[PDB]
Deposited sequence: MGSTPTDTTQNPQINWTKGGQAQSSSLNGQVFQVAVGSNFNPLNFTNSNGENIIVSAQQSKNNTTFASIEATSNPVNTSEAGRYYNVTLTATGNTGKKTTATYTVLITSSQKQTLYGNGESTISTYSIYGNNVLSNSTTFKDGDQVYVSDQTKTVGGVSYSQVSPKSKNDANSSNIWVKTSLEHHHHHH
């Protein structure tokens, strides 16, 4: 009830209205995982924090009470339990699940420099933005073809960003 600490979380900087308890997140094989601040497979930053109560916005202490997460192997899942403790010792827990997936990123090779383009309707314009050989990016599932050339939309930030970055490379 209302007097217990409240756990808050943001995904991609946006406050979330659904409770952290019960969430299922994807985390990439090989990643460093902190259960209070981590990046999901699609590049969205997830930050968990707490306040004293529903109505009291003062900092409340929060820590992982159970964190067996191991990112070494894809196809495994782990439950994380977080405990928030108010200044008079009331407690709230949330348990979320982490699925270890393979990387959703792709490596750009191109020649050392990869040129980018912006697309509006059926028009391809040059973009000054360049990637270096070896740079890793998320890639939109939706490609676009202009003049029989295929282009992929990309972002180094997130899969979501890649769908609207209007930074395109030639699909290889």
query: Non-modelled portions of the deposited polymer sequence, in sequence order; finding: 1-7, 118-119, 182-189
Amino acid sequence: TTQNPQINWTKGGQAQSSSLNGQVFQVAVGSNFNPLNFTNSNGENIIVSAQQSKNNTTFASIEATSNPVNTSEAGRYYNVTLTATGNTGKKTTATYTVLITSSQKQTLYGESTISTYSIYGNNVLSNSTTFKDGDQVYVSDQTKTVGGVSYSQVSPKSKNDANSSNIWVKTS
From here on, numbers count along this sequence of modelled residues.
property: Stretch exceeding the other in mean C-alpha B-factor - 15-23, 146-154; result: 146-154
property: Higher-B stretch (mean Cα B-factor, as the entry records it), 38-46 or 101-109; result: 101-109
property: CA B-factor placement of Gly134, once the chain's modelled residues are sorted into thirds; result: highest
property: Record-listed C-alpha B factor of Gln6: chain third; result: lowest
property: Assigned third (lowest, middle, highest) for the C-alpha B factor of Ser126; result: highest
property: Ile119 - which third its CA temperature factor falls in, relative to the rest of the chain; result: lowest
property: Chain third (lowest, middle, highest) by recorded CA B-factor, residue given as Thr71; result: middle
